[PDB]
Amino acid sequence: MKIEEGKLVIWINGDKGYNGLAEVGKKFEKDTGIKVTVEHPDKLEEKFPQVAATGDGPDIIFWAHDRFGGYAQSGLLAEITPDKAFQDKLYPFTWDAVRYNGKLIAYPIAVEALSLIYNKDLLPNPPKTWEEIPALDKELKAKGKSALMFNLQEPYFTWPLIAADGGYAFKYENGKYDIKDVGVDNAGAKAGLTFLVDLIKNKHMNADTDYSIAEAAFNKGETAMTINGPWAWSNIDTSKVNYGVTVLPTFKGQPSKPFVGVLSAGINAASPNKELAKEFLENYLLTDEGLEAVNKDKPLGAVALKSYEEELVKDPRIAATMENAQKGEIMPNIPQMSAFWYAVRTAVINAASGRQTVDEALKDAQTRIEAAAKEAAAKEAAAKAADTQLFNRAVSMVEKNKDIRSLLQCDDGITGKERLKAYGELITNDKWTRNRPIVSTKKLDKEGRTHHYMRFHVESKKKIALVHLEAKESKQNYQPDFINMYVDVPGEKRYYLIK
C-alpha cells in the first residue's frame, strides 16, 4: 500500500520502548482523534529506504542519527521546521547531530552510548582493562560462569575495542571528514579485532553470540559482564540481577571509544501527514511527560530535552553513559556510514568465525569503504553541477522577468540593465566573501518522483529578494521541470513566476 492520510504510522527498533511510545500515541489519539500506530519491524534501517522510495513506509522513523544523512541525500526525509522557541528546548549538540548540509532533517530524542554492565555478586570489582578478561574468565569457569558475553553480530558492539588503539571510520580533523582517509585496517584497528578474535580462539567468547544470547546469559547470571546501551537496563531490572554500569575497559592503556548515537525521529518525505507528525513530535513526544512514558518502558539514555535531562542526569547509570560517550566520538551522519557499517559488520563476523584472518578481513573492509567513498565523491560532484545548473536557470528566469525587475526597483537605463547579484542563503554558517553553498534539498513524492527545492537571494542596489523554487525530475533524461517559483521582496506581495 501507500501512506494513509489522517493518521500516523511510526517505526522504531524493537530494542526500544515502543510500548511507551504507543502510550504517547494513545494520548494524542484521545486529545485529537488521530490514530498513532507504532511498529517495530526487523531490519527497520534497511526496510525504510526500500519502502520510502515507493511512497510507502511510516510517517515517522526512529533510528540513531548516523543513518539519516543517507536517507536525506536520497530524498526520503522532509526538512523539519521547528521554530526558535522549540529549538531552544533541546541541547545544541543534539541538533548538530541531525544537521545535513546545514539543514535539520530529524528531531533529536536521546544520546546513546555503550557501557560495561557487570553483575556485582559475580564481580564486586569490574576489570579496568580488556587484557585482564581472559584470566577472569578462567576463575569463573570453575564456578561454571563466564566472564563476558555481548553481541558479536553487530559491529556497533565491537567498534569500541577496534577504535581504542587507533582505528577510526573517517579522518575527522577540524569540522570536516576526509572520507578518503579511512582507518579500519590500520595497526590500531588490527590490534583490537585481533584481541577479540583471540578471546574467541581461546574460548572465552563464542563467535555465534548475538544480542538475545548475550542478554539472556547476563540476565540469568550465567555471565559476569555484558556490553550494552541504556535500553537494556529495563530487562536487567526485571531479572533481579544486581548490576553496575561503568566505563568500558581500556585496551593497551587506552579507553574504548564507542561510537555515540543520538536516537532521532525523521519524517517521511512522502508522508501526507507532515503537520500531524510535527504536532505529535513537538507537543506530545518531546515533552517531559512524553519522554517519561518512553523512558519508563526502556531507558532512552541522556535525553535531548533539557527540562527532562535535568531529572535523568542524577542517575549514576546515565553518568556512566555520558562518561563513555565523552571517551568515544559522535557518529558521522554522512551517507557513507551505511557502507562503513556493512563493511565492518562483514569484517568482524568473518574474523570472529575464523573464516578470514584479521588482516584479510579488515583489508577487504577498507577496500570496500574506499570504493564506496570514491563513488560517493563522484555523486556529490554530479549533485553540485546539477544544483549549479538549477540555480543558473532560475536566476535567468527571475532576472529577465519585467515585473520582478520592477519590484526590485532595478535601475534600467539606455546603457543597459542593472547587473543583479544572486547568491545563496545566508545564513549557512561560515561561508564569507559572499561565498556560499548553493544547495538544493531533495524530496520524493508519493509516486516516488524526485523533487528539488532551492532558496536563494537576488539583490539590486535597492532591494534584496528571496526566491524559492521547486523542480521535478522529468520522465525523460531531460533537465528538471520547474513547477513552482516565487519571489518575496520586502514591501511587496509575493510574486509567483510559476504557480
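We number the residues from 1 along the sequence you see.
J.: Do the C-alpha atoms of 446-454 or of 56-64 have the higher average B factor in the entry?
T.: Averaged over C-alpha atoms, the B-factors run higher in 446-454.
J.: Looking only at CA atoms, which has the higher mean B factor in the entry: 331-339 or 354-362?
T.: It is 354-362.
J.: Based on the PDB record, which member of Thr158, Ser264, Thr223, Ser271 exhibits the highest Cα temperature factor?
T.: In this record, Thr223 carries the highest C-alpha B-factor of the candidates.
J.: So among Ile404, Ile427, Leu77, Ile117, who wins on Cα B-factor in the entry?
T.: The listed residue with the largest C-alpha B-factor is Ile427.
J.: Name the third of the chain's ranked CA B-factors that contains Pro437, choosing lowest, middle or highest.
T.: It falls in the top third of the chain.
J.: By the recorded C-alpha temperature factor, relative to the other modelled residues in its chain, which third is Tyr486 in?
T.: Its C-alpha B-factor belongs to the middle third of this chain's values.
J.: Relative to the other modelled residues of the same chain, rank the CA B-factor of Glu45 and answer lowest, middle or highest third.
T.: Middle third, going by the recorded CA B-factors of the chain.
J.: For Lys431, does the deposited CA B-factor place it in the lowest, middle or highest third of the chain?
T.: Answer is highest: the recorded C-alpha B-factor places it there.
J.: Taking the chain's C-alpha temperature factors as the reference, tell me which third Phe86 falls into: lowest, middle or highest.
T.: Tercile = middle for this residue's CA B-factor.
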